[PDB]
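Presented as structure tokens, the chain that follows is alone, the form deposited without the partner chain.
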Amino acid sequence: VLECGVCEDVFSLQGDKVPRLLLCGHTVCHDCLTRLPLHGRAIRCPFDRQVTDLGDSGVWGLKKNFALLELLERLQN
């Protein structure tokens, strides 16, 4: 298991705690991303302040961290 650096809860394989990617390369859980400040469809990485621009799907358009999800599944299974 691995924890989200913002909420310190463990990532889930899908749903409200799924790991999503910012353009700086950091992962944050979906829920924390919906709770971060938004300014004109732009979100700042909480760790390095770098900007990721959001599209029409918002946080749901941020890509899942596929390799992390594969590792978490392999560790679980």
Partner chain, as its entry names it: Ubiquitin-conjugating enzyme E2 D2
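Residue numbers count along the first chain shown, from 1.
Below: the form solved in complex with the partner chain, not depicted.
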| item | value |
| --- | --- |
| Contact of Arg35 with the partner chain in the bound PDB entry (heavy atom, 4.5 Å) | yes |
| is_contact(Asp53, the partner chain) in the bound PDB entry, heavy atom dist at most 4.5 Å | no |
| Contact label in the bound PDB entry: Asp16 to the partner chain, heavy atom within 4.5 Å | no |
| Sequence-ordered residues of 41 to 57 touching the partner chain in the bound PDB entry, heavy atom within 4.5 Å | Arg44, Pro46, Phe47, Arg49 |
